[PDB]
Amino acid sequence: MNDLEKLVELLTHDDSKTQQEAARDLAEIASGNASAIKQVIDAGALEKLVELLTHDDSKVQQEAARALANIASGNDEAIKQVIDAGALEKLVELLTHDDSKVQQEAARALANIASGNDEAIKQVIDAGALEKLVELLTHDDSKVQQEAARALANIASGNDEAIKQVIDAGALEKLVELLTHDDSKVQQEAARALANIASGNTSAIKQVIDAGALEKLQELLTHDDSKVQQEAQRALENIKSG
């Protein structure tokens, strides 16, 4: 049994600090080379990590979700593996327990998965992730709003059938109220999400402007933060040519 696998072993222990530290230490190893990431996978981390998500231990959940997150930042192989290990079911589950840092890692996790191909994107919507995600947009938690928006954006970067789901979940008007929030990153992600949704067809572009996106977006264009401006401008543009 090599070092990595004795870690997956330690995950199976009933001590809180034991699980947490092993989970934490996997979280870091899995945030390096593509090589490090696959070493983690074939060491069988995924079954064990996913099951930690169902222990009601805030700190443990936070490290097991984060680990999944970091693994989902690797290539398409990891993302396929994370999915086949049933993460999405538990991950979306974690979004309903009001736990700042745990909702946060869960979102980034889904978000990252959602950055994969179209097969990955479908599995996210089918796992009921949309409804829960949209809900997190109304929490008074700048960090959570950012990761939730970030996920939707990725998801709204898929096909028509995806964009349509995002609208149907009632994203649009929550997203716009984000544009008025005085946190740079949040605005950045909301605007990005909007910009993507507004790369669909006339139906999709229409429901954006009806949601009052235009004036807020043009408002952000006068803020002093390059990155936000870019996302706003890019947004005003796919709205414009329609």
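From 1 onward, residues are counted along the sequence shown.
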Determine, for stretches 73-81 and 108-116, which one has the higher mean CA B-factor as deposited. 73-81
Among 188, 35, 58, 199, where is the Cα B factor highest in this entry? 35
By the entry's values, the third containing the CA B factor of residue 150 is the middle
Residue 207 CA temperature factor, ranked by third within the chain: middle
Could you tell me which third, lowest, middle or highest, the C-alpha B-factor of residue 236 occupies within its chain? lowest
Ranking every modelled residue in this chain by its Cα temperature factor as given in the entry, which third contains residue 141? lowest
Please say which third, lowest, middle or highest, residue 96 falls into when its CA temperature factor is compared across its chain. highest
